[PDB]
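# Close look at the chain arrangement
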Amino acid sequence: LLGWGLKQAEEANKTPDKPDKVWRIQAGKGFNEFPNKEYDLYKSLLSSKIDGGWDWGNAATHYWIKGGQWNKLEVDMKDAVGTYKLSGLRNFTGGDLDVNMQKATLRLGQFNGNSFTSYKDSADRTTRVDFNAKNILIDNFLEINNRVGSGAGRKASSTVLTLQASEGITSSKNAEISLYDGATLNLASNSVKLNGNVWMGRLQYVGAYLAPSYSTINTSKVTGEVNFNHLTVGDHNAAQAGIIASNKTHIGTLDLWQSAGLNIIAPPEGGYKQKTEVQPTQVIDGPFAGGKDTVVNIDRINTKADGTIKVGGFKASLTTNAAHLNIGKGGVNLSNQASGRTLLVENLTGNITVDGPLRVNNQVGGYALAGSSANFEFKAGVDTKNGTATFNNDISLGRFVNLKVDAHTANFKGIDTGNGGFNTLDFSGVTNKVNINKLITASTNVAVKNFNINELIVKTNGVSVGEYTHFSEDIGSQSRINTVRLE
Amino acid sequence: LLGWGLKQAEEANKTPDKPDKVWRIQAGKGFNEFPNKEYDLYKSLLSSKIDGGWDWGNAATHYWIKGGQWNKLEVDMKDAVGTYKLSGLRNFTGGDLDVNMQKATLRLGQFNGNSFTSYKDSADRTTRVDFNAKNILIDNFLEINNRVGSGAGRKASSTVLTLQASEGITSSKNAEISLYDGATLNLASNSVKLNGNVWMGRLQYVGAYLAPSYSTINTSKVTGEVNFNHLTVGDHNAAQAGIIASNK
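In the PDB header, cryo-EM is given as the technique by which the entry was determined, and 3.2 Å as its resolution.

Given below as structure tokens:
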């Protein structure tokens, strides 16, 4: 019920833990003299101070450091050369690694995945697993803060995974990163390029459809080229993911759930940076404004939608503070079940530039039933009130679909509502101008205070009555239409 | 049986409390760059270190700070700009806020009221809720030291609310301030003008017609123009209110 902005700002500034028995391992001879050897990291080095096991109560396996889950382990290589791999460390509960590998390639997957989880003690600890490799090369799935077995036993608190390459963090095609309710993920390389299905927000327990399920991917340190490929937020719940980006974020296909949010956050303008017991200062940030050169290049926004029938829709949404928000040639899809699903492509302090056709149920026409009001909704520059919402591609609306745009200046290239009807084509939030190029209406509820639609076809609507183009608010004194053409 | 003059002079000079776990929150980026944004203060900022709940025994809701009602919370903005609102923090038992908002307009009501209460522990603590806004703009009802639910459960000790604007503390027409048996209210702005029904002394419990029911409004610091509109003392009992005025 907190929302993502409180929970991230609470999880950001924490002391790590108070660990007793801080184990230390230093890799000595043999490692720093074979540059191609393809070692194994668990079996040859890490298994000295990590013991396996079984958890009585929902186990498959189990791992911790030494003498319980409250013991920090350092590994201090700093000159080991080779390629190392984990390849099967599943359900690591543990706590506080930091594998320190300069000039050493890692590989977080080979024939088997990985996992990094915590346990809900009375202290509610995090795990803070770190790596400091040269390349990372995920190459098989990695799950952060998963379910250990099946539901029962001890529950799972939050965790943090930090990956700190210095040449790149790539991924294979079938390497599904999937991070859950408490999980974060820090990346600090240059040129992150995750070619696999990143999955923020996922069903941590088998029935918990009402969990909050926050998650975070903090690519703020990436001095290179952030490049996701297939982001997928939410799974049968109201997930609120978030990405703290680095002012250039090209992602590929984005698949929101029905009621799943997203908070892509660009950096600021100049870049980042008995007895009374006084807690340390918790600095907390509201929604600020991104810099001048912040771009978020999504190229397709689908929506996965099946399930219940609620009294409204579910309002899939994404929220950005970047100075631009381009949406590529894939356009916008919106799957629509019985009630009216809703999309909110909101931008706080920037622009919006859509370059694709607005689909619904994955076609351009996309009919809907009576109560199913498929509602697109765009917000360009809410908090600065000088953001345009340009659509450089010809949109087309079918039946029971309701575009609305609340921007400063909503440019267009053509709106064709002549096929379906019952279209509430709202523009009431637009401050001054709506520069539509070619409008085709059958039975529409246009609400514009000032416009110049410089071509207007008005179709008829068959044989039914009581349906008509209806401008529903004050046209003002600056309006204009350079061509009306009834048919 | 003491009378008001003893009880005010006893409640005036007290050390605040001895709180362990003095939480501190500092508002960082984002707040100090939108002069018209109309934020929310509980949900966007305060709810990190205030948890809701239910009191087993006469609840509707319940609020405290963190780990019980003996934990001080500072909020240190000092440069946040906008208009903030509480709008529904009911039956706050808690203890020891001080929301410090220079150059930030507050609003203590929007579609729902507020409340600030204590609980009669064995220590008999006050709550000392403070604000340091620029305007305050009450605009819906605010009850100080109320009854939490209905009678039973834990009882309510005294409390102090301090409002410290620097441009004025106005009020809407339907904003009934009503402070009860232990409640005080310090105002330190210039030009307090409460256009609503201020109600000193009110039935704290449903049958207690023989309670003493003292109350205090201390507008001593007001360098401007104190202006009430409709003061109403006492409700079915022998209330002894008091106002420490500022010579106009």
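### A closer look at the overall build of chain B
Broken down by element type, chain B carries 2 helices and 13 strands. The C-alpha radius of gyration of chain B comes to 17 Å, within 12% of the 18 Å expected for a compact globule of 248 residues. Burial analysis of chain B (248 residues in total) assigns 51% to the buried set. Taking all contacts inside chain B whose residues are at least 6 apart in sequence as the whole, residues at least 24 apart take part in 77%. Here chain B contributes 28 positive and 24 negative side-chain charges, whose respective centroids are spaced 2 Å apart.

### Here's the deal with the overall build of chain A
Scanning chain A for helices and strands turns up 2 helices and 35 strands. Summarising its shape, the C-alpha atoms of chain A cover approximately 85 × 55 × 45 Å along the three principal directions. Within chain A, the proportion of its 487 residues that are buried is 54%. Carbon and sulfur atoms form 51% of the exposed surface of chain A, whose accessible area is close to 20,600 Å².

### A word on the side chain of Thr 159 of chain B
Note that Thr 159 of chain B resides in the loop between β6 (142–144) and β7 (161–163). Once you skip the residues sitting within four places of it in the chain, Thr 159 of chain B turns out to touch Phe 116, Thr 126, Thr 127, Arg 128, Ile 144, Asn 145, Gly 182, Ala 183 and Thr 184 of chain B.

### As for the side chain of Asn 423 of chain A
All names here are of chain A. Mapped onto the fold, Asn 423 is located in the loop between β30 (415–416) and β31 (439–441). Residue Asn 423 is classed as buried on the basis of its relative accessible area, which comes to 1%. The contact partners of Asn 423, leaving out residues within four places of it in the chain, are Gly 398, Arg 399, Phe 400, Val 401, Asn 402, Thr 417, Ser 443, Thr 444 and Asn 445.

### Overview of the interface of chain A and chain B
Between chain A and chain B, the contact holds 24 residues from the first and 23 residues from the second. Between chain A and chain B lies a buried interface of about 2,100 Å² when both sides are counted; carbon and sulfur atoms form 56% of it. Looking only at chain A, the three residues that lose the most surface to chain B are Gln 279, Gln 282 and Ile 284 of chain A, adding up to 25% of its buried area. On inspection of chain A and its partner chain B, the count reaches 2 salt bridges. Across the pair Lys 21 of chain B and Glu 277 of chain A runs a salt bridge, and its minimum N-O distance is 3.6 Å. Counting across the chain A and chain B interface gives 14 residue pairs in polar contact.

### Digging into the sheet that holds strand β29 (residues 405–406) of chain A
The 6 strands are arranged β15-β18-β22-β24-β26-β29 (chain A) in an open sheet whose pairing can be described as parallel. Strands with a single pairing partner mark the edges of an open sheet, and in this sheet they are β15 (243–244) and β29 of chain A.

### Details of the sheet that holds strand β4 (residues 114–116) of chain A
All names here are of chain A. With parallel pairing, the 7 strands of this open sheet are ordered in space as β4-β6-β9-β12-β14-β17-β21. In this open sheet, the two strands that pair with only one neighbour each are β4 and β21 (300–303). Direction aside, neighbouring strands of the sheet carry axes that sit 15 degrees apart on average. Pairing of strand β14 (residues 230–233) with strand β17 (residues 253–256) involves 3 bridges; the strand directions are parallel. Bridging from a neighbouring strand, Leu 231 pairs with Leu 254 of β17.

### Concerning the environment of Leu 46 of chain B
With respect to the secondary-structure elements, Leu 46 of chain B resides in the loop between α2 (41–44) and β2 (73–76). Along the sequence, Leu 46 of chain B and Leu 86 of chain B sit 40 residues apart, while their C-alpha atoms lie 9.4 Å from each other.

### Some points on the layout of surface pockets
Leftover empty space is mapped by rolling, across the atoms, a probe with the size of a water molecule. Roughly 1,300 Å³ of internal volume is contained in the second largest pocket. If you go around the second largest pocket, you meet 38 residues; those closest to its centre are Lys 7, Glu 10, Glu 11 and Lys 14 of chain A together with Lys 49 of chain B. For the lining of the second largest pocket, the secondary-structure elements that each account for two or more residues are α1 (4–12) of chain A together with β1 (23–27) of chain B. In the lining of the second largest pocket, the residues fall into 12 nonpolar, 12 polar and 14 charged.

### Some details on unusual backbone geometry
The backbone of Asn 247 of chain A shows a phi angle near 55 degrees, a positive value even though the residue is not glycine. Counting through the fold element by element, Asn 247 of chain A comes out in the loop between β15 and β16 (248–250). Within the chain, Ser 213 of chain B stands out as a residue other than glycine whose phi angle is a positive 60 degrees. Among the structural elements, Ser 213 of chain B can be located in the loop between β12 (197–200) and β13 (230–233).

### Focus on the pattern of salt bridges
All names here are of chain A. Tallying each qualifying case throughout the model produces 25 salt bridges over all chains. One salt bridge in this structure joins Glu 269 and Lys 292, with 3.1 Å as the shortest N-O distance. Judged by relative accessible area, which is 47%, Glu 269 ranks as partly exposed. Across the pair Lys 449 and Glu 473 runs a salt bridge, and its minimum N-O distance is 3.8 Å. Here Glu 473 lies in the loop between β33 (456–458) and β34 (480–481) and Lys 449 lies in the loop between β31 and β32 (452–453), a separation of 24 residues in the sequence. Using a relative accessible area of 32% as the deciding quantity, one classes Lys 449 as partly exposed. For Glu 473, a relative accessible area of 26% corresponds to the partly exposed category. Residues participating in the shared-partner salt-bridge network are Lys 315, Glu 377, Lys 379, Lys 404 and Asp 406.

### Section: α1 of chain A
Those residues of α1 of chain A that sit buried are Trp 4, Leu 6, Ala 9 and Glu 11 of chain A. Where α1 of chain A is buried, its residues meet β15, β18 (263–265) and β19 (282–284) of chain A together with α2 of chain B.

### Some details on the packing of aromatic side chains
In total, this model carries 19 aromatic pairs over all chains according to the counting rule given. An angle of 45 degrees between the planes, with centres 6.5 Å apart, marks the rings of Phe 31 of chain A and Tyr 84 of chain A as tilted. Residue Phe 31 of chain A is found in the loop between β1 (23–25) and α2 (41–44), and its partner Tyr 84 of chain A is found in the loop between β2 (73–76) and β3 (97–100); the two are separated by 53 residues along the sequence. Using a relative accessible area of 16% as the deciding quantity, one classes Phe 31 of chain A as buried. In this structure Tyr 84 of chain A comes out as buried when scored by relative accessible area, which is 1%. Ring pairing ties together the aromatic residues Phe 378, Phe 391, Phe 412 and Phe 427 of chain A, which thus form one cluster. The ring of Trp 199 of chain A has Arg 202 of chain A lying over it, and the distance from NZ or CZ to the ring centre is 4.6 Å. Directly above the aromatic system of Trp 199 of chain B lies the positively charged group of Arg 202 of chain B, at a separation of 4.6 Å from the ring centroid.

About the criteria used
Residues numbered from 1 in each chain as written, not as in the entry; some residues may be left out. Chains lettered and ligands numbered in written order. Part of a larger assembly, values for the part shown. Heavy atoms only, no water. Helix = DSSP H or I, 4+ residues; strand = E, 2+ residues; numbered from the N terminus. Rg over C-alpha atoms; globule rule 2.2 N^0.38 Å. Buried < 20%, exposed > 50% of the residue type's maximum accessible area, 1.4 Å probe, protein only. Contact = heavy atoms within 4.5 Å. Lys, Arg positive; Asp, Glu negative; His and termini not counted. Charge placed at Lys NZ, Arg CZ, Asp CG, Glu CD. Areas by Shrake-Rupley, 256 points an atom, 1.4 Å probe, with all protein chains shown as cover. Buried area = accessible area lost by both parts, 1.4 Å probe. Salt bridge = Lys/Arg side-chain N within 4 Å of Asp/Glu carboxyl O. Polar contact = N/O pair within 3.5 Å; in protein donor to acceptor, adjacent residues only side chain to side chain. Pairing = 2+ DSSP bridges. Axes fitted to C-alpha atoms, helices over the stretch in contact; angles between N-to-C directions. 1 Å grid on protein atoms, 1.4 Å probe; cavity = no way out; pocket = protein on both sides within 12 Å on 5 of 7 lines; lining within 4 Å. Points joined across faces, edges and corners; volume = space filled by probe spheres on them. Nonpolar A, V, L, I, M, F, W, Y, C, P; charged D, E, K, R; others polar. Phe/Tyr/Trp six-rings, centres within 6.5 Å; stacked < 30°, edge-to-face > 60°. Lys NZ or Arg CZ within 6 Å of the ring centre and 35° of its normal.

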